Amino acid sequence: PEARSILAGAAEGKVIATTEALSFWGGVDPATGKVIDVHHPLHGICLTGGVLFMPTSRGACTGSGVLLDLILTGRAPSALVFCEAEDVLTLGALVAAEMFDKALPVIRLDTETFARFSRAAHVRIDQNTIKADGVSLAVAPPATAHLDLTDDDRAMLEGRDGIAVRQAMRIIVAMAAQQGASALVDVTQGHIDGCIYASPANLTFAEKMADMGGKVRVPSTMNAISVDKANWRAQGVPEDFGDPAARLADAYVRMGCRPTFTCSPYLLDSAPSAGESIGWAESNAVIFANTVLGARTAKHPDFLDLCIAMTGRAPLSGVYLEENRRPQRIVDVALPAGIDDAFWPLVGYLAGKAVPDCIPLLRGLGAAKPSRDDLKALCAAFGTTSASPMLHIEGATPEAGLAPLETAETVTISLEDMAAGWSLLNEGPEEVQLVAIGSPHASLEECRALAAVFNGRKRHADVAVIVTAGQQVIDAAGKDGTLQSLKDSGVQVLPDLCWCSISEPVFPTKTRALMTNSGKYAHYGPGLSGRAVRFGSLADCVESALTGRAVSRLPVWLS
């Protein structure tokens, strides 16, 4: 029996337990504290005041901002209890303690005690004990850092570079300690993800850092934001939402971040190369950078991305170290005939469910030669159901030859698993009023593939077709004629926004059901939008747009 203090504090309340990880962004509504992940066992439960037992987190880096807002409003759970390593929620609780004077206790239990305490009705937490229904267990004090700090590190910690840089280093050093790191590491560039207006606290944190003089030290790009920056007012986004959403993006631009406003920064000319140590947030971008590009970055939670960008330093832990990039589980993936584009996001989705807390190696798929866009959609879906910052695909990704860990077990993803996943992501009617493409932001190749399927035809007037992409890709599609061909088919191409941050009336209010080819938005979409969401191929979506209807059936490779 072992209880370990991760973050100190005292709490008490009803046990809310689960064996499946939850992403607080997209899975918890900051307005109510209710679970909105329609595929999670806790869907509908309000977590406010409860003691949340779950093995670890999964999915989005933005959970840190959602949790912080929940702590600032009083709708957060009273405590968090894990049984494995965790970063996103712990970081959000650590920011709350460091900068907002709010303590949320976070405890990690051994797996046996986690299950035992999961069945309890009530839990109390104090700084020395955890008791579940009349059995008190001692809580070991937090791990204190065996951290090496350079002279420049200690100068930053001391305030030599101002208070903003100091607060940034304090958070980095606290994170390195809880990750058991023995040093920090230089990063060459950043990618900020907390620029999505996921909660009022996302703005509050950014304006606090910016008001202390925060500024980035390495070149740093920006993820998707919550307004079409140049057009949201003409678009009719309410001033109560669009004004803080625009000020959030403005705060990071003030701090020196490049206004790329895209969740596919690996498509930019500034994309990192193999072996390069970067510090990125946004789950799909982190996984793509490690998996496909071979660059190196942990899955940094929101807020921590800014601190890393401000100091040029990240904790030397996780996938920054070569040994931690070795496969930790083997997944034999069935290879049916007649694969189309929808295969790869489904495979990523199911791989995350099967491997939610370690780095898998997908075997059996190399000869299918997935495209860069296939791998992009795969990593995005994998970054929905798993916490891992990277994966490997045998015969496809550049590090797939690394020796698996001596402890790697072998599991499979069957055709039966795929048929189950397909129906799961297809809980909706056949009528649709919207086709949603571009989560993560569409590449130029994807915009060209979409145009090819449309084949010069125009969408049914009943079915809006919206593509979200980065500004640089839209500019490139404007120059090669792809953009005009899409507008000729009635397709609206939006910059800056993504499906994770879109809102009404840019998201058309008349929508009742939408179809998407994104495994990621298929999962998050129902709880984010309130609409029904269908998942399908690129051509499934286009046929939906041309006819007005998306037929409910398993695809060719599933027959």
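When you see a residue number, it is the position in the sequence shown, counting from 1.
**Prompt:** If you average the CA temperature factors over each stretch, which comes out higher, 128-136 or 256-264?
**Reply:** On average, C-alpha B-factors are higher across 128-136.
**Item:** Mean C-alpha B-factor comparison - 441-449 and 95-103, higher one
**Value:** The stretch with the larger mean CA B-factor is 95-103.
**Request:** Sort 164, 195, 173, 115 by C-alpha B-factor from the entry and give me just the highest.
**Result:** Across 164, 195, 173, 115, the entry lists the biggest C-alpha B-factor for 115.
**Out of 202, 482, 388, 291, residue topping the C-alpha B-factor column of the entry** = Highest C-alpha B-factor among the listed options: 482.
**Asked** Taking the entry's C-alpha B-factors for this chain, is residue 81 in the lowest, middle or highest third?
**Response** Within its chain, residue 81 is a middle-third residue by C-alpha B-factor, going by the deposited values.
**Request:** Determine, from the deposited record, the chain-internal third of the Cα B-factor for residue 296: lowest, middle or highest.
**Result:** Its C-alpha B-factor, which the entry lists for residue 296, ranks in the lowest third among residues of this chain.
**Third of chain Cα B-factors occupied by residue 11** = Top third by C-alpha B-factor.
**Message:** Per the entry's values, where does residue 490 land by CA temperature factor relative to the rest of its chain, in the lowest, middle or highest third?
**Reply:** For residue 490, the deposited C-alpha B-factor lands in the middle third.
**Asked** How does residue 352 rank on Cα B-factor within its chain, lowest, middle or highest third?
**Response** As the PDB entry reports it, the C-alpha B-factor of residue 352 lands in the middle third of its chain.
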